[PDB]
Amino acid sequence: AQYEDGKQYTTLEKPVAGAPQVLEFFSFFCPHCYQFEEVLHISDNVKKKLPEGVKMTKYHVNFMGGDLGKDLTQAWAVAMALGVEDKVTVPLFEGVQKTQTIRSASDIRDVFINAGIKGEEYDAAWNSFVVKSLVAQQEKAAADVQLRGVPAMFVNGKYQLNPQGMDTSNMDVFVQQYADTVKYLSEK
């Protein structure tokens, strides 16, 4: 075939029931994730090619960056709760990997303040059981697929994207291959 198991994707021997349709995992510590966000705009281009009736989910992971990694997962839960993902994603990436000005939970908080989220609102979310359960959801989704690497994308709890098996001569061509693969898996 043109799309073949083990080439553009792999199949989970252990499929996950009730999983999000399109589920992406990342870490603000993850160098390919940075590229996926700022250079390739993967999530955006996948969305543009997905059918109607499909929601996209993106979760942070704990296994990079130790203590700060966990803070970032909680902060991503805050961002999801307040719906401010598109305001903090870039400064969190750059603060961790480019300027390296994020070294503590307080530095993460600064990114949100600078993005216009009020202190009171951030701290209230940070300490909320709603955010606690969002952290729980992120961990549980990652645990279900026994995740040891990011960036990762899973379609219908069944298929895992395999970017290793795509062209990287050309960044644009890579993105379309990736997105077209998602669409194909989506329709499978």
# chains A, B, ... in the order shown; residues from 1 in each chain; ligands from 1
>>> select_by_dssp(residues="segment 90-169 of chain A", states="helix (DSSP H, G or I)", output="ChimeraX atom specification")
/A:90-97,105-114,119-126,129-144,163-165
>>> closest_atom_pairs(of="segment 2-78 of chain A", to="segment 180-185 of chain A", cutoff="10 Å", atoms="only C-alpha atoms", output="JSON lines")
{"residue": "A:3", "atom": "CA", "partner": "A:181", "partner_atom": "CA", "distance": 7.8}
{"residue": "A:8", "atom": "CA", "partner": "A:181", "partner_atom": "CA", "distance": 6.9}
{"residue": "A:9", "atom": "CA", "partner": "A:181", "partner_atom": "CA", "distance": 7.9}
{"residue": "A:22", "atom": "CA", "partner": "A:182", "partner_atom": "CA", "distance": 8.2}
{"residue": "A:45", "atom": "CA", "partner": "A:180", "partner_atom": "CA", "distance": 9.4}
{"residue": "A:46", "atom": "CA", "partner": "A:182", "partner_atom": "CA", "distance": 6.9}
{"residue": "A:47", "atom": "CA", "partner": "A:183", "partner_atom": "CA", "distance": 9.3}
{"residue": "A:48", "atom": "CA", "partner": "A:183", "partner_atom": "CA", "distance": 9.9}
{"residue": "A:49", "atom": "CA", "partner": "A:183", "partner_atom": "CA", "distance": 6.5}
{"residue": "A:50", "atom": "CA", "partner": "A:183", "partner_atom": "CA", "distance": 5.7}
{"residue": "A:51", "atom": "CA", "partner": "A:183", "partner_atom": "CA", "distance": 7.6}
>>> residues_around(residues="residue 146 of chain A", least_positions_apart="4", cutoff="12 Å", atoms="only C-alpha atoms", output="CSV table (one decimal) with N, CA and C atoms, in the first residue's frame")
chain,number,residue,atom,x,y,z
A,12,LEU,N,-1.2,0.4,17.7
A,12,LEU,CA,-1.1,-0.1,19.1
A,12,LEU,C,-1.6,-1.5,19.2
A,13,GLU,N,-0.8,-2.5,19.6
A,13,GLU,CA,-1.2,-3.8,19.9
A,13,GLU,C,-2.3,-3.7,21.0
A,14,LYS,N,-2.2,-2.7,21.8
A,14,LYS,CA,-3.0,-2.4,23.0
A,14,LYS,C,-3.9,-1.2,22.7
A,15,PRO,N,-4.9,-1.3,21.9
A,15,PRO,CA,-5.8,-0.1,21.6
A,15,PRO,C,-6.4,0.5,22.8
A,16,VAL,N,-6.7,1.7,22.8
A,16,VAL,CA,-7.2,2.5,23.9
A,16,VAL,C,-8.7,2.9,23.6
A,25,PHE,N,0.7,14.6,22.3
A,25,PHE,CA,1.5,14.9,23.5
A,25,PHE,C,2.7,15.7,23.3
A,61,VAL,N,3.3,16.5,29.2
A,61,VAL,CA,3.8,15.3,29.9
A,61,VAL,C,4.8,15.6,31.0
A,63,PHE,N,7.5,13.4,32.0
A,63,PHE,CA,8.8,12.7,32.0
A,63,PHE,C,10.0,13.5,31.5
A,139,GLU,N,-2.2,12.9,32.7
A,139,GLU,CA,-1.4,11.7,33.1
A,139,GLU,C,-2.0,10.5,32.6
A,140,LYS,N,-3.3,10.4,32.7
A,140,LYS,CA,-4.0,9.1,32.4
A,140,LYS,C,-3.9,8.8,30.9
A,141,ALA,N,-4.1,9.8,30.1
A,141,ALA,CA,-4.0,9.6,28.6
A,141,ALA,C,-2.6,9.1,28.2
A,142,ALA,N,-1.6,9.7,28.8
A,142,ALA,CA,-0.2,9.3,28.5
A,142,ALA,C,0.1,7.9,29.0
A,150,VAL,N,8.0,12.1,23.1
A,150,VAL,CA,7.2,13.2,22.5
A,150,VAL,C,8.1,13.9,21.5
A,152,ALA,N,4.2,13.2,20.2
A,152,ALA,CA,3.5,12.0,19.8
A,152,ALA,C,2.1,12.4,19.4
A,154,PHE,N,-1.7,10.4,18.5
A,154,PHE,CA,-2.4,9.2,18.4
A,154,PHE,C,-3.8,9.4,17.8
A,157,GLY,N,-7.2,6.3,19.6
A,157,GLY,CA,-6.6,5.3,20.5
A,157,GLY,C,-6.1,4.1,19.8
A,160,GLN,N,-0.5,5.4,16.0
A,160,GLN,CA,0.5,6.4,16.5
A,160,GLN,C,1.3,6.9,15.3
>>> residues_around(residues="residue 6 of chain A", least_positions_apart="2", cutoff="12 Å", atoms="only C-alpha atoms", output="PDB file with N, CA, C and O atoms, in the first residue's frame")
ATOM      1  N   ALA A   1       0.822  -1.200   0.000  1.00  0.00           N
ATOM      2  CA  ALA A   1       0.000   0.000   0.000  1.00  0.00           C
ATOM      3  C   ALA A   1       0.867   1.265   0.000  1.00  0.00           C
ATOM      4  O   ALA A   1       2.097   1.199   0.052  1.00  0.00           O
ATOM      5  N   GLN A   2       0.208   2.415  -0.040  1.00  0.00           N
ATOM      6  CA  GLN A   2       0.893   3.703   0.029  1.00  0.00           C
ATOM      7  C   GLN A   2       1.165   4.087   1.480  1.00  0.00           C
ATOM      8  O   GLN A   2       2.241   4.589   1.818  1.00  0.00           O
ATOM      9  N   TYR A   3       0.134   3.941   2.303  1.00  0.00           N
ATOM     10  CA  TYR A   3       0.265   4.023   3.752  1.00  0.00           C
ATOM     11  C   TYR A   3       0.388   2.602   4.287  1.00  0.00           C
ATOM     12  O   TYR A   3      -0.460   1.758   4.013  1.00  0.00           O
ATOM     13  N   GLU A   4       1.457   2.321   5.011  1.00  0.00           N
ATOM     14  CA  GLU A   4       1.656   0.988   5.565  1.00  0.00           C
ATOM     15  C   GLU A   4       2.053   1.026   7.034  1.00  0.00           C
ATOM     16  O   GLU A   4       2.875   1.843   7.441  1.00  0.00           O
ATOM     17  N   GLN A   8       4.358   5.089   8.061  1.00  0.00           N
ATOM     18  CA  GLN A   8       3.959   6.453   8.402  1.00  0.00           C
ATOM     19  C   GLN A   8       3.295   6.441   9.755  1.00  0.00           C
ATOM     20  O   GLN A   8       3.038   7.494  10.348  1.00  0.00           O
ATOM     21  N   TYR A   9       3.027   5.236  10.241  1.00  0.00           N
ATOM     22  CA  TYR A   9       2.347   5.070  11.506  1.00  0.00           C
ATOM     23  C   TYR A   9       2.628   3.679  12.062  1.00  0.00           C
ATOM     24  O   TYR A   9       3.185   2.820  11.376  1.00  0.00           O
ATOM     25  N   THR A  10       2.274   3.475  13.324  1.00  0.00           N
ATOM     26  CA  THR A  10       2.346   2.164  13.943  1.00  0.00           C
ATOM     27  C   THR A  10       0.984   1.901  14.543  1.00  0.00           C
ATOM     28  O   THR A  10       0.193   2.824  14.728  1.00  0.00           O
ATOM     29  N   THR A  11       0.659   0.642  14.784  1.00  0.00           N
ATOM     30  CA  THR A  11      -0.626   0.325  15.398  1.00  0.00           C
ATOM     31  C   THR A  11      -0.358  -0.068  16.835  1.00  0.00           C
ATOM     32  O   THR A  11       0.655  -0.702  17.128  1.00  0.00           O
ATOM     33  N   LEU A  12      -1.219   0.355  17.748  1.00  0.00           N
ATOM     34  CA  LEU A  12      -1.066  -0.074  19.124  1.00  0.00           C
ATOM     35  C   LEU A  12      -1.624  -1.488  19.214  1.00  0.00           C
ATOM     36  O   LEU A  12      -2.802  -1.703  18.930  1.00  0.00           O
ATOM     37  N   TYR A 159      -3.886   4.326  16.488  1.00  0.00           N
ATOM     38  CA  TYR A 159      -2.711   4.521  15.644  1.00  0.00           C
ATOM     39  C   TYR A 159      -1.812   5.607  16.175  1.00  0.00           C
ATOM     40  O   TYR A 159      -2.311   6.605  16.669  1.00  0.00           O
ATOM     41  N   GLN A 160      -0.501   5.433  16.019  1.00  0.00           N
ATOM     42  CA  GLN A 160       0.476   6.412  16.484  1.00  0.00           C
ATOM     43  C   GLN A 160       1.258   6.907  15.272  1.00  0.00           C
ATOM     44  O   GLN A 160       1.791   6.101  14.510  1.00  0.00           O
ATOM     45  N   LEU A 161       1.298   8.217  15.066  1.00  0.00           N
ATOM     46  CA  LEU A 161       2.052   8.776  13.949  1.00  0.00           C
ATOM     47  C   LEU A 161       3.510   8.373  14.055  1.00  0.00           C
ATOM     48  O   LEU A 161       4.035   8.227  15.151  1.00  0.00           O
ATOM     49  N   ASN A 162       4.150   8.152  12.914  1.00  0.00           N
ATOM     50  CA  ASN A 162       5.567   7.792  12.875  1.00  0.00           C
ATOM     51  C   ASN A 162       6.354   8.777  12.013  1.00  0.00           C
ATOM     52  O   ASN A 162       6.620   8.504  10.848  1.00  0.00           O
ATOM     53  N   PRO A 163       6.685   9.951  12.569  1.00  0.00           N
ATOM     54  CA  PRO A 163       7.355  10.981  11.760  1.00  0.00           C
ATOM     55  C   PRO A 163       8.753  10.576  11.275  1.00  0.00           C
ATOM     56  O   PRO A 163       9.221  11.143  10.280  1.00  0.00           O
ATOM     57  N   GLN A 164       9.407   9.638  11.960  1.00  0.00           N
ATOM     58  CA  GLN A 164      10.674   9.053  11.484  1.00  0.00           C
ATOM     59  C   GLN A 164      10.606   8.563  10.037  1.00  0.00           C
ATOM     60  O   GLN A 164      11.608   8.578   9.326  1.00  0.00           O
ATOM     61  N   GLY A 165       9.434   8.093   9.615  1.00  0.00           N
ATOM     62  CA  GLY A 165       9.296   7.519   8.290  1.00  0.00           C
ATOM     63  C   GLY A 165       8.791   8.491   7.226  1.00  0.00           C
ATOM     64  O   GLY A 165       8.181   8.060   6.244  1.00  0.00           O
ATOM     65  N   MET A 166       9.049   9.790   7.394  1.00  0.00           N
ATOM     66  CA  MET A 166       8.597  10.781   6.416  1.00  0.00           C
ATOM     67  C   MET A 166       9.778  11.631   5.918  1.00  0.00           C
ATOM     68  O   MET A 166      10.816  11.721   6.579  1.00  0.00           O
TER      69      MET A 166
END
>>> select_by_dssp(residues="segment 6-185 of chain A", states="strand (DSSP E)", output="number ranges by chain")
A: 9-11, 22-26, 56-60, 152-155, 159-161
>>> write_last_selection(atoms="N, CA, C and O atoms", output="JSON list (two decimals), in the first residue's frame")
[["chain", "number", "residue", "atom", "x", "y", "z"],
["A", 9, "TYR", "N", 3.03, 5.24, 10.24],
["A", 9, "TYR", "CA", 2.35, 5.07, 11.51],
["A", 9, "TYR", "C", 2.63, 3.68, 12.06],
["A", 9, "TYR", "O", 3.19, 2.82, 11.38],
["A", 10, "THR", "N", 2.27, 3.48, 13.32],
["A", 10, "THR", "CA", 2.35, 2.16, 13.94],
["A", 10, "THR", "C", 0.98, 1.90, 14.54],
["A", 10, "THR", "O", 0.19, 2.82, 14.73],
["A", 11, "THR", "N", 0.66, 0.64, 14.78],
["A", 11, "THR", "CA", -0.63, 0.33, 15.40],
["A", 11, "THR", "C", -0.36, -0.07, 16.83],
["A", 11, "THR", "O", 0.65, -0.70, 17.13],
["A", 22, "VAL", "N", -8.20, 12.83, 17.97],
["A", 22, "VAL", "CA", -6.82, 13.22, 17.65],
["A", 22, "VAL", "C", -6.16, 13.70, 18.94],
["A", 22, "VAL", "O", -6.60, 14.69, 19.51],
["A", 23, "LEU", "N", -5.16, 12.95, 19.41],
["A", 23, "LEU", "CA", -4.52, 13.23, 20.69],
["A", 23, "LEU", "C", -3.01, 13.43, 20.53],
["A", 23, "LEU", "O", -2.27, 12.50, 20.18],
["A", 24, "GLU", "N", -2.54, 14.63, 20.87],
["A", 24, "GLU", "CA", -1.14, 14.99, 20.72],
["A", 24, "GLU", "C", -0.52, 15.19, 22.11],
["A", 24, "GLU", "O", -1.16, 15.75, 23.01],
["A", 25, "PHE", "N", 0.68, 14.65, 22.30],
["A", 25, "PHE", "CA", 1.45, 14.86, 23.52],
["A", 25, "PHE", "C", 2.71, 15.67, 23.26],
["A", 25, "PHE", "O", 3.38, 15.47, 22.24],
["A", 26, "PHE", "N", 3.04, 16.56, 24.19],
["A", 26, "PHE", "CA", 4.25, 17.36, 24.02],
["A", 26, "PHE", "C", 4.88, 17.70, 25.38],
["A", 26, "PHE", "O", 4.29, 17.45, 26.44],
["A", 56, "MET", "N", -9.62, 18.04, 18.55],
["A", 56, "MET", "CA", -8.20, 17.83, 18.73],
["A", 56, "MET", "C", -7.82, 18.13, 20.17],
["A", 56, "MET", "O", -8.26, 19.13, 20.75],
["A", 57, "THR", "N", -7.02, 17.24, 20.74],
["A", 57, "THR", "CA", -6.64, 17.37, 22.13],
["A", 57, "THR", "C", -5.12, 17.42, 22.24],
["A", 57, "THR", "O", -4.43, 16.66, 21.60],
["A", 58, "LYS", "N", -4.61, 18.33, 23.05],
["A", 58, "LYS", "CA", -3.17, 18.37, 23.27],
["A", 58, "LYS", "C", -2.83, 18.38, 24.73],
["A", 58, "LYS", "O", -3.32, 19.25, 25.46],
["A", 59, "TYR", "N", -2.00, 17.43, 25.17],
["A", 59, "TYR", "CA", -1.62, 17.29, 26.58],
["A", 59, "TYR", "C", -0.10, 17.41, 26.80],
["A", 59, "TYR", "O", 0.71, 16.96, 25.98],
["A", 60, "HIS", "N", 0.26, 17.96, 27.96],
["A", 60, "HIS", "CA", 1.65, 18.04, 28.37],
["A", 60, "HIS", "C", 2.04, 16.76, 29.12],
["A", 60, "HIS", "O", 1.17, 16.00, 29.57],
["A", 152, "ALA", "N", 4.20, 13.24, 20.16],
["A", 152, "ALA", "CA", 3.49, 12.02, 19.80],
["A", 152, "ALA", "C", 2.11, 12.43, 19.40],
["A", 152, "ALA", "O", 1.57, 13.41, 19.92],
["A", 153, "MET", "N", 1.54, 11.72, 18.42],
["A", 153, "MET", "CA", 0.16, 11.91, 18.06],
["A", 153, "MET", "C", -0.49, 10.54, 17.92],
["A", 153, "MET", "O", 0.10, 9.62, 17.31],
["A", 154, "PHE", "N", -1.69, 10.41, 18.46],
["A", 154, "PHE", "CA", -2.42, 9.15, 18.40],
["A", 154, "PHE", "C", -3.77, 9.44, 17.77],
["A", 154, "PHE", "O", -4.38, 10.48, 18.06],
["A", 155, "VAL", "N", -4.21, 8.58, 16.85],
["A", 155, "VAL", "CA", -5.53, 8.75, 16.23],
["A", 155, "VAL", "C", -6.48, 7.63, 16.69],
["A", 155, "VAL", "O", -6.17, 6.45, 16.49],
["A", 159, "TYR", "N", -3.89, 4.33, 16.49],
["A", 159, "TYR", "CA", -2.71, 4.52, 15.64],
["A", 159, "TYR", "C", -1.81, 5.61, 16.18],
["A", 159, "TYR", "O", -2.31, 6.60, 16.67],
["A", 160, "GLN", "N", -0.50, 5.43, 16.02],
["A", 160, "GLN", "CA", 0.48, 6.41, 16.48],
["A", 160, "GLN", "C", 1.26, 6.91, 15.27],
["A", 160, "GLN", "O", 1.79, 6.10, 14.51],
["A", 161, "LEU", "N", 1.30, 8.22, 15.07],
["A", 161, "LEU", "CA", 2.05, 8.78, 13.95],
["A", 161, "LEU", "C", 3.51, 8.37, 14.05],
["A", 161, "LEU", "O", 4.04, 8.23, 15.15]]
>>> closest_atom_pairs(of="segment 61-131 of chain A", to="segment 34-38 of chain A", cutoff="10 Å", atoms="only C-alpha atoms", output="CSV")
residue,atom,partner,partner_atom,distance
A:89,CA,A:37,CA,8.3
A:90,CA,A:38,CA,7.4
A:92,CA,A:34,CA,9.9
A:93,CA,A:34,CA,6.3
A:94,CA,A:34,CA,8.3
A:96,CA,A:34,CA,9.9
A:97,CA,A:34,CA,8.1
A:98,CA,A:34,CA,9.7
>>> residues_around(residues="segment 103-107 of chain A", least_positions_apart="3", cutoff="10 Å", atoms="only C-alpha atoms", output="PDB file with C-alpha atoms, in the first residue's frame")
ATOM      1  CA  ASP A  67      10.228  19.079  38.958  1.00  0.00           C
ATOM      2  CA  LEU A  68       9.748  21.857  36.411  1.00  0.00           C
ATOM      3  CA  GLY A  69       8.241  19.294  34.004  1.00  0.00           C
ATOM      4  CA  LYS A  70       5.441  18.608  36.471  1.00  0.00           C
ATOM      5  CA  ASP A  71       4.872  22.318  37.120  1.00  0.00           C
ATOM      6  CA  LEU A  72       4.514  22.732  33.382  1.00  0.00           C
ATOM      7  CA  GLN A  74      -0.042  21.744  35.944  1.00  0.00           C
ATOM      8  CA  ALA A  75       0.427  25.065  34.130  1.00  0.00           C
ATOM      9  CA  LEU A  92       6.472  29.004  27.495  1.00  0.00           C
ATOM     10  CA  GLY A  95      11.155  30.772  28.051  1.00  0.00           C
ATOM     11  CA  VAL A  96      12.202  27.128  28.495  1.00  0.00           C
ATOM     12  CA  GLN A 100      15.979  29.889  29.322  1.00  0.00           C
ATOM     13  CA  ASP A 110       5.148  35.347  35.019  1.00  0.00           C
ATOM     14  CA  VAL A 111       4.479  34.152  31.449  1.00  0.00           C
ATOM     15  CA  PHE A 112       0.749  34.033  32.183  1.00  0.00           C
ATOM     16  CA  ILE A 113       0.744  37.483  33.878  1.00  0.00           C
TER      17      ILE A 113
END
>>> closest_residue(among="A:21, A:186, A:99, A:138", to="residue 55 of chain A", atoms="only C-alpha atoms")
A:21
>>> closest_residue(among="A:116, A:151, A:91, A:66", to="residue 30 of chain A", atoms="only C-alpha atoms")
A:151
>>> closest_residue(among="A:137, A:101, A:114, A:156", to="residue 54 of chain A", atoms="only C-alpha atoms")
A:156
>>> closest_residue(among="A:128, A:43, A:62, A:177", to="residue 28 of chain A", atoms="only C-alpha atoms")
A:62
>>> residues_around(residues="residue 132 of chain A", least_positions_apart="5", cutoff="10 Å", atoms="only C-alpha atoms", output="list in words")
residues 74, 77, 78, 125, 126, 127 and 137 of chain A
>>> atom_distance(atom1="atom CA of residue 124 of chain A", atom2="atom CA of residue 65 of chain A")
24.7 Å
